[PDB]
Every structure is written in structure tokens, then in C-alpha cells.
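Chemist: Compute the structure for the input listed below.
(chains A, B, C and D)
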Amino acid sequence: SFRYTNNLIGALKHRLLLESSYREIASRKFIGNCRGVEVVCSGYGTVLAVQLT
Amino acid sequence: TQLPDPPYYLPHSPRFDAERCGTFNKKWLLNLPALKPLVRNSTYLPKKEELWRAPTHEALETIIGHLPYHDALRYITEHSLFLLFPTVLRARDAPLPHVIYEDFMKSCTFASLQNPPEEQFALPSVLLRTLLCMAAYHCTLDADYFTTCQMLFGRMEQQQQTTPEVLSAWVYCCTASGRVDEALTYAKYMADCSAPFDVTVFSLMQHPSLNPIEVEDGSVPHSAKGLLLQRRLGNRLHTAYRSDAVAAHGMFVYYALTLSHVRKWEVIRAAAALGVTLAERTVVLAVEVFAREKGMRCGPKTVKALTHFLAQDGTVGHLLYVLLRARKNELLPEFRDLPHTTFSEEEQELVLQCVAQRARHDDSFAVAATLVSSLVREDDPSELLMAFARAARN
Amino acid sequence: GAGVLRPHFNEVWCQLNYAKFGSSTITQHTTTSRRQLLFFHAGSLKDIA
Amino acid sequence: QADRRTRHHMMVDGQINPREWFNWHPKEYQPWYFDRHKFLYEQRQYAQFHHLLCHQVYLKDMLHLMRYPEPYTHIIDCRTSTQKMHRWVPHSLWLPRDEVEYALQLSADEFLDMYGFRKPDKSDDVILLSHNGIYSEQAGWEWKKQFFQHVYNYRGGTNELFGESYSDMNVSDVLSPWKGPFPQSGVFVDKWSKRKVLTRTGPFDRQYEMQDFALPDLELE
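Modeler: Numbers count the residues shown, from 1 in each chain, chains lettered A, B, ... in the order given. Shown next is the structure:
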């Protein structure tokens, strides 16, 4: 008994950790360089800046 | 693939579809080759490691069921396991049910655990009902078994407890043997004792196949909807009527489904002669079977029974059709050797007074009371029918 | 004939008499069963009307 | 009432004739523990069905499923008498006990036509109730006869939920004291064995054990 309620709690813990981490990735900078070329992106993959250090 | 149909002469109607349950269906014969791998797989024993790891109740029922009948009875009597009595009913070499009842009482006699004798030698009413229903299925197959069944009843009422379950099973036993009068009289005795007719016996009576050991086992998965319909119809009929009307309806449907139409009309004959007030469903069913058969298999006293039951509780059209079909079958050249239906003065006055009692409140009886009185008094002028057609057309 | 004054069943009237017409105070009596209806609930104020 | 003497022909042996014919022998039967206080299917005569006993859901589980129900945990009422039911258990469906052995033989469409609700799947949780938990126990045995993997029984369902004091009215068939039982009227066995089965040592309200054999204790004296 109570196999649905105990499985719904484990699914919502999976959804709460995947929602709280999506809000950590999206509000973050992802900087990649090759040869002095700083390409800065956010979590959504949009290029924020193509710089040169 | 065209198979003929057995002549039940049952009415095709959505009301009496619960009466159409118990009819054998060729759809099951077409479904039969799909079940063949299942019954081919079920014939094999399980492995030793599965049977040794089996639970106690499962292992007991699957070993005692495969065992011989007397060896299983010996094991039951040795270890005082009285709840395995429905298993040995289903044995491969089990005798007729009166011998099984004597063996049950012998096992209760020599058992290792002896209770007080008021509870030691009492079988459950489910067991006695199953035994008597097996006996009634055998009386359906062979009526001359009935005498021994009488002897069996002559011990069981003296040894077990006379319950409405075993009394309804004995009514089914008397019905299945062709005994019409004493079955209805046992039903009237139950009705005077305020005992309810058992609904599982009422459903098995209107299913003249399906010996109840494999119904409680459940090897026939279909027609359980029909069993539930007949049980609910029995409960509905018992809510407003006594046990004798329910039993008479069951007798009528059983004799219709076994192609024994003479006993089917003897049911109505004996129910009118004994004093059982029939339910309105049974009267409407009898009228529609009379319409299906065109009044061929019918007698004068059965005609008088039908007209009495229709004047008591029935429509004007049903009574008029019954009387007109009787008067036309009297005039037919086939039935001229048979005697004509004649109403004696007392029952004629009773029928006409009940018709006048119905007609004081009903207008459909008041318009046709004169035609009913003309049809009963055997003087029927055709001008009444011509005026009836003229009033129907205008 | 009925001997009652039948009101307007206004939205303020339904909020006044909600426990009479939308609560679990209803007890049905038939030939089959004499039952006490629990969990009976009127969703909106149009159900009281 | 008023202490009716019973028409059984059991009797204690006299003080004159010797004790003979020891291929049947009654002795007094006393078990180890009392079982009359227990649940009806937890007693001594139902021990072989001990693995057939459904798992128990309790009052707090029933209140939690009242507040927070699950879509496939089916609460099913197994009470039969419509005159004795006065309230509705929440999220419950009516499947009376005496129809259960037919009801599980139907298809899903026939179950929906004959009961008005869908047939539960064999992996779904089924929870049964009754007045005392007796009709629900027999119904759970009928549900476990079919291949239903999760069947649970609330013992004392309605009488603990709604606080009623009812019963399923189980007869437990005991012969009337005019009904004379089998071994008195019958020539099924010889007269010595018939006289030795019908004898008992003491009052006839307690339980006795029948020995099929006996040997003399030669080593006492």
C-alpha cells in the first residue's frame, strides 16, 4: 500500500532539484576561450560577448 | 458452420434477456479453438521446488485435489481438516452426491478432533446446497435418480439443519425431476414459513447446464453476467413477493430451457390450482411464450389458469389474445378431437367478478369487459369484433 | 397552497443559509436504506439557488 | 433458553463393565492457548489459511486515504445488507460479498455494466471493509483466488470508522437440539465401534480426541 504517494514524493524531489538547478545554470556565465578570444555565454546558450583578452 | 437452434419458444425482448441467459451459444463453440493451448498447458504438474515453497493452503488444495477420493477423505479424517470438504467434491472418481454426504458424515464421525456434537456433525449450508444442486443436475440428466434424492433428503433434514438454502435446493431437485406439484407445494410451505428462496439456487435453476462444482470453481468464465442478472432478478422479485412466486418463475424458465414444455404449462396449472400468487413478470412471460407457441401445446385447464392469472394481474390485450387464440384453436380442424375449454359456473363468476372489479377503476377493462364476457361464455358474435375494429379505425 | 413565503434566493441569502442547503445536514430515507449523507457540498452560490 | 437437554446419545461409561474395544478411544482435548479472544480467522480451525490472510490496513491508514486519496488504491465496501448501512465511507465503491465470486469472473466491460464502476487492475491496491472485518475477509479470499497481488483488509471497518456497533451476522451453523446427528441413526459401522465412538469421558461441552489405536502400558505394572 501507499506506493503512489511514496513514489510521488520521490518524483517531486527530483523535480524540485531540477528546477532549483535550472535557475542556477540560467543565471550564470559560461566563458570559453581558444586563443585569447573570450566568448561569454549564459546558461541559455546566448552569446553575451565576444571579447579579446 | 450453420448450426440449428433449439426451440425454447422464449420471447426475444430486452426485458427477458436475463431469461435468455442459460441458452447455449454457438459463439462459445466458435471461441473454443482459442482455449486449446490454455487447457493443453494446464495439464502439467508444477516442479518440486515450486511445490515445496508453496504456502500451506495452496499445497493442501493442490495435493488433495490430485489425490484419490478415499485417500483424500482419509487425510481429512486423520488431520481433522474439515474445510477441505469442497475439494473432495471435485475429485476424479467422486461418487454421486448422496454417497459423498454419507462419506462426509462418516469423516465427521471418526475424526481425530471431536467438537461438541451440535457443532461437530453440522455441515455448512453451502456444502449441503452444493450436494443437492449436484443431485438436481443429475436429476436433470436422469430423472429416476430422484427417489434416492428423496431418501437423501429424508436423512439430511433429520441430520442437518433445515435451512431455506437446502429447501430451495430440494425445490430445484423436485423441479429437475419433472415433479411439478410437490415442488410448488414445498415452495408454498417455504413462503408460509417466511423463508426466502435462495438466489444462487434461483440462478442455477434457470441455468440448466453448469453443474455447480465447476461454477464455484469457475472453469466457465463467461455467463457470470447471466448468473448475476438472475441473482439480482431473484432479489428484486423477493422484495415484493413471497418465495413461491420466485420458485414458480424459476420452474417456468427451467422447463422452457430444457425443452419440456408440457411441464412448463403444468407449472402454471399447479400454481393456479394450489393458490400461489404469480409475479407479474412470470405472467407476462407465460403470455409471450403462449404467443410464441400459438397456443399449440396447451390444455383447457392451462387456458383457465392463464385467464385467471391475467384477470388477477394482467393487461386487457394479453387476456383478449389468450381468449381469442383459445377460441380459434378450438375451431381449428387439428384440435377437433381434443375437448373444448369450458368454464364452470363458479370459476366463470369469479373471473367475471374480478374483471368487473378491475373495470370499475380501469377504462381499458371497462371497454372490453363485454368482449371478455362473450369470450368466456362461448357465445362470440363477430359483430363485436367488427365494432371493435370500427372503433379502432375511427 | 404550500403555505410558505418563497424568497429571492439572493447571493447574500445563499451565504446566510448555506448550512441548510449546502452542508452535510441532509438525511435521506428510502425503502432501501435510511442514509445520512456526509460530504455534501454546494460548490457555488448558484447551487443554493 | 432454560438449559435445553440435547438429543445426542453421548454417554460416559459405567462402573460395571470393563473398558474394551480400544481401536477407538475418546480422551479429553485441551490445547495450549485460548483462541476465543482472537479474530475469527486467526483462531485454531483456520490456521491452514494463515498465509491466505490479507494484510491489515489500520484506522490511521484509512484516515490518510480519506484525506489524501490515490487514483489506483481502490477502497471497496463489502457490506451486503442495505438496511444496515447508514453512512458512506469516502472514496468507496459498493461490491457486496455474496456477488464477489461472480463479479471477478466478468470482463471489464461487463464489470462496468453490472456495477457502474471500472474493474480494478490486478496490480492495483484493493482495500476491503465490512462491519467487523468478516465479510471483507471472505471477500479478500475471493479476491486472492483470482490473481490480485495487493489485497488488504480493514478489520472492524464501519464499526471503527463511524463508531457503529453492528455485525455481519455469521451463523456458524450449530445443530438444533432436536436434530439427532449421524452416528446414532445408522448401521454404517459395527456395533462395538458404534458404542465406542458414541462414548465420551466427561461433560459434552468440551472437546475430545478420538484415538484410532491403543496399546497396553505393560511397563507400568
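
Chemist: which parts of chain D sit against chain C?
Modeler: By the rule Cβ under 8 Å from any Cβ of the partner chain, the part of chain D lying against chain C is D:82, D:83, D:85, D:86, D:87, D:88, D:90. All C-beta spots, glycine's among them, are computed from the backbone N, C-alpha and C.

Chemist: shouldn't the fifth one be in contact with residue C:36?
Modeler: Yes: under the criterion of Cβ atoms under 8 Å, residue D:87 makes contact with residue C:36 at 5.5 Å.

Chemist: how about the strands in chain D?
Modeler: Along chain D, counting by DSSP state E, strands occupy D:25-28, D:55-56, D:73-77, D:92-94, D:125-129, D:151-153, D:208-211.

Chemist: for chain A, that is, sorry about that
Modeler: With DSSP E, the ranges of strands along chain A come out as A:30-33, A:38-41, A:47-50.

Chemist: Check chain C too.
Modeler: Using DSSP E, strands in chain C cover C:27-29, C:34-36.

Chemist: Quick one: residues in contact with the last one.
Modeler: In this case it means strand C:34-36. Here strand C:34-36 makes contact (Cβ atoms under 8 Å, 6 or more residues apart in numbering or on different chains) with C:27, C:28, C:29, D:85, D:86, D:87, D:88.

Chemist: redo that, cut-off 10 Å
Modeler: The contact list for strand C:34-36, computed with Cβ atoms under 10 Å, 6 or more residues apart in numbering or on different chains, reads C:24-29, D:82-83, D:85-88, D:162.

Chemist: could I get those residues as a markdown table with distance to chain B and neighbour count?
Modeler: As requested, those are exported to a markdown table (distance: Cβ to the nearest Cβ, whole Å; neighbours: other Cβ atoms under 10 Å in any protein chain shown):
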| residue | distance to chain B | neighbour count |
| --- | --- | --- |
| C:24 | 29 | 12 |
| C:25 | 30 | 12 |
| C:26 | 25 | 13 |
| C:27 | 23 | 10 |
| C:28 | 19 | 10 |
| C:29 | 17 | 9 |
| D:82 | 10 | 14 |
| D:83 | 12 | 9 |
| D:85 | 16 | 21 |
| D:86 | 20 | 14 |
| D:87 | 23 | 15 |
| D:88 | 21 | 15 |
| D:162 | 25 | 16 |
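
Chemist: List the ones among the residues you listed that fall in helices.
Modeler: Taking DSSP state H, every one of the contacts of strand C:34-36 sits outside helices.

Chemist: how about those in TSV, adding distance to residue B:134?
Modeler: Converted to TSV, the contacts of strand C:34-36 look like this (distance: Cβ to Cβ, whole Å):
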residue	distance to residue B:134
C:24	51
C:25	54
C:26	50
C:27	48
C:28	44
C:29	44
D:82	32
D:83	33
D:85	35
D:86	40
D:87	42
D:88	41
D:162	42
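
Chemist: Which of those residues sits closest to residue B:334?
Modeler: Lowest distance from residue B:334 to those (Cβ to Cβ) belongs to residue D:82, with 52.9 Å.

Chemist: follow-up on the earlier one: dump the strands of chain C to TSV, plus distance to residue B:94.
Modeler: Converted to TSV, those look like this (distance: least, Cβ to Cβ, whole Å):
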stretch	distance to residue B:94
strand C:27-29	51
strand C:34-36	47
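
Chemist: can you list the contacts of strand C:34-36 in a markdown table and add distance to chain A?
Modeler: Formatted as a markdown table, the contacts of strand C:34-36 follow (distance: Cβ to the nearest Cβ, whole Å):
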| residue | distance to chain A |
| --- | --- |
| C:24 | 26 |
| C:25 | 32 |
| C:26 | 32 |
| C:27 | 33 |
| C:28 | 32 |
| C:29 | 36 |
| D:82 | 28 |
| D:83 | 31 |
| D:85 | 24 |
| D:86 | 27 |
| D:87 | 23 |
| D:88 | 21 |
| D:162 | 22 |
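
Chemist: Mind checking if the longest helix belonging to chain D is in reach of chain B?
Modeler: Once chain D is assigned using DSSP H, the helix that runs over the most residues is helix D:135-145. Yes: under the criterion of Cβ under 10 Å from any Cβ of the partner chain, chain B is reached by helix D:135-145 at D:141, D:145.

Chemist: Can you name every helix or strand that that helix contacts?
Modeler: Judged by 3 or more Cβ pairs under 10 Å, 6 or more residues apart in numbering or on different chains; DSSP states H and E, the packing partners of helix D:135-145 are strand D:73-77, helix D:100-103, strand D:125-129, strand D:151-153, helix D:157-161.

Chemist: Figure out which of the ones you listed is closest to residue B:368.
Modeler: Comparing the helices and strands packed on helix D:135-145 under Cβ to Cβ, the one sitting nearest is helix D:100-103, at 44.5 Å.

Chemist: Give me the nearest residue to the closest residue to chain B within chain A, chain neighbours excluded.
Modeler: Residue of chain A nearest chain B, by Cβ to the nearest Cβ: residue A:1 (20.8 Å). Of all residues not flanking residue A:1 in the chain, residue D:125 sits nearest, at 5.5 Å (Cβ to Cβ, 6 or more residues apart in numbering or on different chains).

Chemist: Number of residues surrounding the residue lying closest to residue B:159 once chain neighbours are set aside?
Modeler: Spatial nearest neighbour of residue B:159, excluding adjacent residues (Cβ to Cβ, 6+ apart): residue D:182 at 5.4 Å. Counted by other Cβ atoms under 10 Å in any protein chain shown, the residues lying close to residue D:182 total 22.

Chemist: now the strands for chain B?
Modeler: Under DSSP E, chain B gives strands at B:113-114.

Chemist: Nearest to chain C: which residue in it?
Modeler: Across chain B, no residue is closer to chain C than residue B:239, which sits at 8.5 Å (Cβ to the nearest Cβ).

Chemist: burial count for residue 17?
Modeler: I'll assume chain A. 10.

Chemist: please go with chain C instead
Modeler: Neighbour tally, residue C:17, other Cβ under 10 Å: 13.

Chemist: That one and residue C:25 touch, don't they?
Modeler: No: applying Cβ atoms under 10 Å as the test, residue C:17 and residue C:25 come out as separate, 11.2 Å apart.

Chemist: List the residues that are in contact with both of the two.
Modeler: Between them, residue C:17 and residue C:25 share no contacting residue, judged by Cβ under 10 Å, 6+ apart.

Chemist: Tell me if stretch B:28-39 is near chain D.
Modeler: No: judged by Cβ under 10 Å from any Cβ, stretch B:28-39 makes no contact with chain D; its nearest approach is 12.9 Å.

Chemist: Please apply the same query to stretch B:53-62.
Modeler: Yes: Stretch B:53-62 lies within reach of chain D by Cβ under 10 Å from any Cβ, at B:54, B:55, B:56, B:57, B:58, B:59, B:60, B:61.

Chemist: can you give me the helices for the stretch 201-350 of chain B?
Modeler: Taking DSSP state H, counting those that start in this stretch as the test, the helices found in the stretch 201-350 of chain B are B:213-217, B:224-240, B:243-257, B:261-274, B:280-293, B:300-312, B:316-330, B:345-359.

Chemist: Can you give me the buried ones in the longest one?
Modeler: Same thing as helix B:224-240. By 16 or more other Cβ atoms under 10 Å in any protein chain shown, the buried positions in helix B:224-240 come out as B:224, B:225, B:226, B:227, B:228, B:229, B:230, B:231, B:233, B:234, B:237, B:238.
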